[PDB]
Ligand SMILES: COc1cccc(NC(=O)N2CCC[C@H](C(N)=O)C2)n1
Ligand SMILES: [Zn+2]
């Protein structure tokens, strides 16, 4: 689990969105596994606006933050799960790192701010849904 709290927005994995998120919906995209809802309180996270390919992510299944090198956001095939059929997910970045299903939502960050959140994984890989192109999160 986990979210990004920037301005009056809450960014979560679409597959983990709550009823309150759907009832206060700002934007959602199944192909990216992202959903953004509105918040009453202002958040403290800042979004990175950069082309970093190295950063650090939080892994809840280890209670640890790990440094990683990650691929550029791309269209990657994701196998069928209990949340989606087998499909291509867009704006996804892959890295070598530990992950379990419940790790979704952990933040990936670089020196400039939040880059994205954990969205896929398995067998010593971890995938992050990028948010750096969502310029509207800053206003
Ligand atoms: C997060 O790490 C792991 C580790 C092992 C397995 C998994 N499951 C995983 O990738 N998916 C299940 C949740 C929805 C994901 C998606 N974005 O389509 C696919 N995740
Ligand atoms: Zn950066």
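Note that chain A is numbered according to Swiss-Prot, with residues 869-1007 shown in order.
Looking at the header, which is where the method is noted, we find X-ray crystallography, 1.4 Å.
From the backbone N, Cα and C atoms, a Cβ is placed for every residue, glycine too.
As annotated by Swiss-Prot, active site, for protease 2A activity applies to 883, 901, 972. Positions annotated as Zn(2+) 1 binding site by Swiss-Prot: 918, 920, 978, 980.
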Recorded positions near ligand 1 among 883, 901, 918, 920, 972 (Cβ under 6 Å): 883, 901, 972
Rounded distance in angstrom between the Cα atoms of residue 918 (Zn(2+) 1 binding site) and residue 901 (active site, for protease 2A activity): 21
Cβ neighbours within the same chain of residue 972 (active site, for protease 2A activity) - under 8 Å, at least six residues apart: 869, 870, 881, 883, 884, 985, 986, 987
Whole-number Å value for how far residue 978 (Zn(2+) 1 binding site) lies from residue 901 (active site, for protease 2A activity) (Cα to Cα): 21
Zn(2+) 1 site, defined by 918, 920, 978, 980: further same-chain residues with Cβ within 8 Å of the Cβ centre: 916, 917, 919, 923, 979, 981, 983, 1000
Secondary structure at residue 978 (Zn(2+) 1 binding site), reduced by DSSP to three states: strand
Neighbourhood of residue 978 (Zn(2+) 1 binding site), C-beta criterion under 8 angstroms, separation at least six: 916, 918, 920, 922, 923, 924
All-chain count of other Cβ atoms within 10 Å of residue 901 (active site, for protease 2A activity): 25
